[PDB]
Amino acid sequence: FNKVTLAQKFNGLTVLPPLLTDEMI
Amino acid sequence: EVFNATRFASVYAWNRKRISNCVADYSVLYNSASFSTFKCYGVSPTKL
Amino acid sequence: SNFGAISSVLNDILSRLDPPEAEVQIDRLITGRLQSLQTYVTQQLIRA
Amino acid sequence: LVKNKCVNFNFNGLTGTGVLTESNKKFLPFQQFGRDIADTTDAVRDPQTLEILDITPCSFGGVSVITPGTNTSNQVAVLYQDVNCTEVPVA
Ligand SMILES: *[C@@H]1O[C@H](CO)[C@@H](O)[C@H](O)[C@H]1NC(C)=O
Ligand SMILES: *[C@@H]1O[C@H](CO)[C@@H](O)[C@H](O)[C@H]1NC(C)=O
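Residue numbers (this note's numbering), protein chains in the order written: chain F, 813 to 837; chain H, 108 to 155; chain D, 131 to 178; chain U, 83 to 173.
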């Protein structure tokens, strides 16, 4: 998790959250 | 002083006047029934 | 990208022009933006 | 000028809708307006006075309807996807 590095706020575009959070995966 | 100039320059020696730092009311221009041609390009006179 | 329109924002076009004149420019923008979105969605489908 | 409500603004021929707030970002002596990304006017300096304004786009998102089967019951709940709960009552 701490190695991999990882959308900016804008109009129209939106990012849903994943159904399973990382804490439960 | 641009429209009502006493003398006009020849088209081969066309003059150019710069207008800046003022409030322009172009409605005075096209509301006057004194111009046979009033045509715009890329802009609309009613919204100017 | 202006896609060959007068300007690259809908607000500028709809504030500069009257409805028959503004409509063609708005169409010019809409077709290009729709094509870009279609390419993006097809790419997303293939990657998914 | 009003600040903490979504408003229509026209700054010297720059038209847009959003919420205006005091900008942390600092302009050089006579830069006029910033555009953080993709030519979106994220900020503008006022023409009348000389304050700097930061612009955040109008809050928006998708609305979705949660429901059990209409076969079983008629009660329904609704979920607003991307908004803080305190600012939903407008729409
Ligand atoms: C009502 O229809 C839903 C949808 O298929 C089904 O899951 C449920 O078992 C049904 N209940 C009754 C009482 O028919
Ligand atoms: C929602 O807005 C209120 C008032 O602006 C603020 O107190 C609260 O922290 C905000 N919550 C979130 C999750 O943005």
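We put the beta carbon where it would ideally sit given N, CA and C, even for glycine.
- Contact check for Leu144/D and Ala152/D: beta-carbon distance about 6 angstroms, within the 8 angstroms limit, so the pair qualifies.
- Nearest CB-CB separation between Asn141/D and chain U: below the 7 angstroms threshold.
- A distance criterion of 6 angstroms places the beta-carbon of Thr138/U beyond contact range of ligand 2, judged by its closest non-hydrogen atom.
- Neighbourhood of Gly98/U in chain D, by CB distance below 9 angstroms: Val139 and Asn141, in chain order.
- By the criterion of a C-beta distance shorter than 6 angstroms, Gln163/U is surrounded in its chain by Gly143 and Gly144, once the five residues flanking it on both sides are discounted.
- Here the distance from the Cβ of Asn166/U to the nearest heavy atom of ligand 2 is below 6 angstroms.
- Non-local beta-carbon contacts of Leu147/D in its own chain, meaning distances under 7 angstroms to residues more than five positions away in sequence, involve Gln155 in chain order.
- If you measure from each CB to the nearest heavy atom of ligand 1, the residues under 7 angstroms come out as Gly151/U, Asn153/U and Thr154/U.
- Boundaries for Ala152/D: no beta strand (DSSP E) harbours it, while the alpha helix (DSSP H) harbouring it runs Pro149 to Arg177, taken from the DSSP string.
- Identification of residues in the region 145 to 171 of chain D having a C-beta nearer than 7 angstroms to some C-beta of chain H yields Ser145, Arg146, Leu147, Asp148 and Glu151, given in sequence order.
- In the displayed model, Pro152/H falls within a helix according to three-state DSSP.
- Listed along chain D, the residues sitting closer than 9 angstroms to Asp121/U by beta-carbon distance are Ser138 and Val139.
- Within 10 angstroms of the beta-carbon of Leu83/U lie fewer than 16 other beta-carbons, which makes it exposed.
- Within the DSSP bridge table, the entry for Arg123/H names no partner.
- Approximately 11 angstroms separates the beta-carbon atoms of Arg127/U and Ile137/U; this is outside 8 angstroms, ruling out the contact.
- Of the residues assessed, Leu159/D falls on the buried side of the cut-off, its CB having 16 or more other CB atoms within 10 angstroms.
- Looking from the CA of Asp124/U, the closest CA among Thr97/U, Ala173/U and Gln130/U belongs to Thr97/U.
- Shown here, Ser105/U sits in coil according to DSSP, grouped into three states, outside any helix or strand.
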